[PDB]
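Here the structure is laid out as structure tokens; the discussion comes afterwards.
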Protein chains: 2
Amino acid sequence: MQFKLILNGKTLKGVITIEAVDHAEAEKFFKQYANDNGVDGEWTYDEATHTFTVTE
Amino acid sequence: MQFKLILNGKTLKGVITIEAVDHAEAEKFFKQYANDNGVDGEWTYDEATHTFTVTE
Ligand code: NI
């Protein structure tokens, strides 16, 4: 299902949409996306939006 | 499966194990647990242990 992640970092801004199976898959997938492109921070999650964000 | 919650709060420390259906309902049980018992802070998640943390 549709899960979204907002990469609100220093240099880069972003919004990614995926169709992962659940909160579990979407979560690890986004931990790895943010890590691979160099934004790491605290993760916020709204379950009304199915939207993760990571803020630096 | 057994999901865990590490409550790192100013005064209170805690560790809860529950048997919620998935990462989703465990995380919401832990969200409404955290406010219901009055800890507000930053959440990190370990997928090796099935273990949430909130550090106030
Ligand atoms: Ni999560």
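All ligand and atom numbering here is 1-based and tracks the order in the structure. Hydrogens, waters and symmetry mates are skipped; everything else that's a heavy atom, side chains included, is used. Chain letters run A, B, ... following the sequence lines, proteins first and then strands; every chain starts at 1.
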**Item:** By side-chain hydrogen bond (donor to acceptor under 3.5 Å, both in side chains) - contacts of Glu47(A) (at least two apart)
**Value:**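 Scan of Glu47(A) (side-chain hydrogen bond (donor to acceptor under 3.5 Å, both in side chains), adjacent residues dropped) gives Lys28(B).
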
Are [X] and [Y] side-chain neighbours, meaning at least one heavy-atom pair lies under 4.5 Å?
X: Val54(A); Y: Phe30(A); answer: no
X: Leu7(A); Y: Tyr33(A); answer: yes
X: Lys4(A); Y: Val15(A); answer: yes
X: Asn8(B); Y: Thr53(B); answer: no

**Item:** Total protein N/O/S atoms whose distance from the Ni ion (ligand 1) is less than 2.8 Å
**Value:**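 Number of qualifying protein atoms: 4.
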
**Prompt:** Under 6.0 Å between ring centres, would you say that holds for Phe52(B) and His23(B)?
**Reply:** yes

